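Some notes on the structure that comes next.
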Amino acid sequence: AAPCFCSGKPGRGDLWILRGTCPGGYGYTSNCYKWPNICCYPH
């Protein structure tokens, strides 16, 4: 997914869209949000 970096975490984040939420069960738990979209961690 996107090499989008996040706040507090260098490296990358998966770029998700204006979902304000990530699929809880695909593997995420930790995520950063920047409306109107989101990039999801761990990564």
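Residues are referred to by chain and number: the chain letter is A, B, ... according to the order shown in the structure tokens, the number counts from 1 in that chain, and ligands are numbered separately from 1 in the order shown.
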request  = Would you mind listing what lies within 7 Å of residue 28 in chain A as an NGL selection string, with only C-alpha atoms counted and same-chain residues fewer than 3 positions away left out?
outcome  = :A and (24-25 or 41-42)
request  = Measure the distance from CA of residue 8 in chain A to CA of residue 26 in chain A in Å and round it to one decimal.
outcome  = 22.5 Å
message = Give me the residues near residue 32 in chain A as a ChimeraX atom specification, where near means some atom within 10 Å (using only C-alpha atoms) and where sequence neighbours in that chain fewer than 4 positions away do not count.
response = /A:5-9,13-15,20-22,37-42
Take the residues from that selection and put them in a file with C-alpha atoms, as a PDB file, in the first residue's frame.
```
ATOM      1  CA  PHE A   5       4.426   8.279   6.263  1.00  0.00           C
ATOM      2  CA  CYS A   6       2.512   9.002   9.478  1.00  0.00           C
ATOM      3  CA  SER A   7       2.719  11.164  12.542  1.00  0.00           C
ATOM      4  CA  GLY A   8       5.045   9.712  15.115  1.00  0.00           C
ATOM      5  CA  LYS A   9       5.922   6.839  12.788  1.00  0.00           C
ATOM      6  CA  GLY A  13       1.435   3.774   6.194  1.00  0.00           C
ATOM      7  CA  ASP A  14      -1.166   2.009   4.070  1.00  0.00           C
ATOM      8  CA  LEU A  15      -3.256   4.686   2.394  1.00  0.00           C
ATOM      9  CA  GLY A  20     -12.236   7.134   9.220  1.00  0.00           C
ATOM     10  CA  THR A  21     -11.806   3.420  10.057  1.00  0.00           C
ATOM     11  CA  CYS A  22      -9.704   0.425   9.037  1.00  0.00           C
ATOM     12  CA  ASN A  37      -8.617   9.744   4.300  1.00  0.00           C
ATOM     13  CA  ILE A  38      -6.398   7.529   6.438  1.00  0.00           C
ATOM     14  CA  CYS A  39      -3.152   5.592   6.334  1.00  0.00           C
ATOM     15  CA  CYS A  40      -3.145   2.428   8.443  1.00  0.00           C
ATOM     16  CA  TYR A  41      -0.365   0.820  10.600  1.00  0.00           C
ATOM     17  CA  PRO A  42       1.487  -1.329  11.842  1.00  0.00           C
TER      18      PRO A  42
END
```
task = Enumerate, as a ChimeraX atom specification, the complete set of residues in range 4-36 of chain A that a backbone-based DSSP assignment places in strand (DSSP E or B).
result = /A:4-6,9-16,31-34
Keeping C-alpha atoms, export the residues of the selection given above as a PDB file, in the first residue's frame.
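Just written: out_24.pdb:
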```
ATOM      1  CA  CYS A   4       2.565   7.350   3.113  1.00  0.00           C
ATOM      2  CA  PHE A   5       4.426   8.279   6.263  1.00  0.00           C
ATOM      3  CA  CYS A   6       2.512   9.002   9.478  1.00  0.00           C
ATOM      4  CA  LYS A   9       5.922   6.839  12.788  1.00  0.00           C
ATOM      5  CA  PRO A  10       8.460   7.108   9.936  1.00  0.00           C
ATOM      6  CA  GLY A  11       8.594   4.452   7.232  1.00  0.00           C
ATOM      7  CA  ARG A  12       5.152   4.102   5.705  1.00  0.00           C
ATOM      8  CA  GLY A  13       1.435   3.774   6.194  1.00  0.00           C
ATOM      9  CA  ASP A  14      -1.166   2.009   4.070  1.00  0.00           C
ATOM     10  CA  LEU A  15      -3.256   4.686   2.394  1.00  0.00           C
ATOM     11  CA  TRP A  16      -6.867   4.099   3.014  1.00  0.00           C
ATOM     12  CA  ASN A  31      -3.509   3.314  12.592  1.00  0.00           C
ATOM     13  CA  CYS A  32      -3.128   6.998  11.889  1.00  0.00           C
ATOM     14  CA  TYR A  33      -5.901   9.145  10.492  1.00  0.00           C
ATOM     15  CA  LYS A  34      -5.750  12.272   8.320  1.00  0.00           C
TER      16      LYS A  34
END
```
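If you count only C-alpha atoms and ignore residues fewer than 6 places along the chain from residue 36 in chain A, what sits within 8 Å of it is residues 17, 18, 19 and 20 of chain A.
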